[PDB]
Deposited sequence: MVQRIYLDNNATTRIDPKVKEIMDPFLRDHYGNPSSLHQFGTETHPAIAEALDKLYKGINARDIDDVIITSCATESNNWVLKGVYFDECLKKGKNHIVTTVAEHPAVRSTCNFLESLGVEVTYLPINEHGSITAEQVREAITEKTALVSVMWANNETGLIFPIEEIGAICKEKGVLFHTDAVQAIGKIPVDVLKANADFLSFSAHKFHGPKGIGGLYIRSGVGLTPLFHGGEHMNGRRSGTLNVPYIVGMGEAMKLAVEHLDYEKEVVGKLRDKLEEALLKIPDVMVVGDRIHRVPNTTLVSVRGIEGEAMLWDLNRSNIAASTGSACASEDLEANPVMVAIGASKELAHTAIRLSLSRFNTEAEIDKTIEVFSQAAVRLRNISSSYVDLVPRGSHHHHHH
């Protein structure tokens, strides 16, 4: 049987080099890195190199932290809740600015925060499917503790003006967090250029395992623990380290940046092929802008078919995809593992499935 994975914005496959690098730490290198003996110290080089890859991948500096967490969602809840106690309860800066495009990890936590009495303003989405930096400018008040905008939308795949917002925030003295999970491995990421205080990522979106991610914390910025017990990760996030995954995610990030050119030049080419070969069906449009997008994502609506339906049908022919808010539209999410063969086949099976669904309509 031959299947086609186009659900990469949902999760990706672990690169074999990632699997390989991790295996030893699930076999004999199973010491706890906190221990003082050989079983624990023996794991330090591996860990250190993995971390090196992470720092290097996002151009964090030695004086910054990249804290290992259990996933981006941990990262997000941590920034929001920590800024809550630090900035909102303790310094009275009881406002947060974010967007409506933000992953439920951000919005939902915000929802809880307003439940506690924070006022959060969710920036509305424009015609262009984007946000503009001036848009937060006329929302930052003396009460704003934090602005949080995602680096790229998980649904449409379009990049936001992170540098702009970075500059705004630098200027007006408000903490900046970017949820960058959709950015890693897809477009260059630079916390320095972004003037970010906080950045989130999750490994399984760039060919590492599910169940680990990271939060970048900028030098001398404080953030009260979400995991108290303060021994590991410079006391900012306690719990025995996930050695195998840490080593894997480090390799994963290395490979991701190493394939940044490929991502734009062929995965992007393939994405454009799927897209413009695909819009040759009647009555179909891509949801939002096609310029300021991540190379691997296309979100298409077909006029007179609910997104899900097309998904179920496509599944039957061994091709995986997801939905996305526009009724609902369908999201196709490529990766470095897809072939031209595969998307030719996709154009075929998609058009076929579309026209069949449309005419049994009557």
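**Student:** What stretches of this chain's deposited sequence are missing C-alpha coordinates?
**Tutor:** No coordinates exist for the deposited residues in 1, 328-349, 386-401, so these stretches are absent from the model.
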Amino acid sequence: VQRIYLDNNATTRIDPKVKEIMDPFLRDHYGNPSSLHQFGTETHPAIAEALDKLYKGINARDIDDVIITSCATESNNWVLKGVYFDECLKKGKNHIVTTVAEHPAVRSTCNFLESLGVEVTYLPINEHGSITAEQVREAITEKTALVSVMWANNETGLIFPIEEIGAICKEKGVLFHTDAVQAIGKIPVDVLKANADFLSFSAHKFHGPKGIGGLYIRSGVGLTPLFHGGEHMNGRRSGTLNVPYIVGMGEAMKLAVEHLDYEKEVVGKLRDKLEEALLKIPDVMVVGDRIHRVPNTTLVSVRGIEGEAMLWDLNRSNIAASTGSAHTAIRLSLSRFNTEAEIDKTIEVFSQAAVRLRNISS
From here on, numbers count along this sequence of modelled residues.
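Heads up, when I say rigid core I mean the largest set of C-alphas that superpose within 1.5 Å between the two forms.
**Student:** Just give me the stretch that moves more in 8 other deposited structures of this protein: 188-196 or 135-143, judged by RMS C-alpha distance after a core fit.
**Tutor:** Once the cores are fitted, 135-143 deviates more in 8 other deposited structures of this protein.
**Student:** Could you find out if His29 - modelled in this structure - is missing from at least a third of the other PDB entries compared that contain residues on either side?
**Tutor:** Modelled in all the others, so no.
**Student:** Checking the other PDB entries with both flanking residues built, is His327 absent in a third or more?
**Tutor:** In at least a third of the other entries, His327 has no coordinates.
**Student:** Per the record, averaged over C-alpha atoms, which has the higher B-factor: 139-147 or 100-108?
**Tutor:** Comparing 100-108 with 139-147, the higher average CA B-factor belongs to 139-147.
**Student:** Please work out which of 188-196 and 70-78 has the higher mean CA B-factor as recorded in the PDB entry.
**Tutor:** It is 188-196.
**Student:** Between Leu241, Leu113, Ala203, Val287, which one tops the list for C-alpha B-factor in the PDB entry?
**Tutor:** The C-alpha B-factor peaks, among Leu241, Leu113, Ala203, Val287, at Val287.
**Student:** Highest recorded C-alpha temperature factor, please, choosing from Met249, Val181, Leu255, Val118.
**Tutor:** Highest CA B-factor of the listed options: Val118.
**Student:** What third of its chain's C-alpha B-factors does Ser325 belong to: lowest, middle or highest?
**Tutor:** CA B-factor rank for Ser325: highest third.
**Student:** For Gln352, does the deposited CA B-factor place it in the lowest, middle or highest third of the chain?
**Tutor:** For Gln352, the deposited C-alpha B-factor lands in the highest third.
**Student:** Could you tell me which third, lowest, middle or highest, the C-alpha B-factor of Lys91 occupies within its chain?
**Tutor:** According to the entry, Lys91 has a C-alpha B-factor in the chain's highest third.
**Student:** Splitting the chain's C-alpha B-factors into thirds, which one does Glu306 fall into?
**Tutor:** For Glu306, the deposited C-alpha B-factor lands in the highest third.
**Student:** In terms of the CA temperature factor given in the entry, to which third of its chain does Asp313 belong: lowest, middle or highest?
**Tutor:** Its C-alpha B-factor, which the entry lists for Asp313, ranks in the highest third among residues of this chain.
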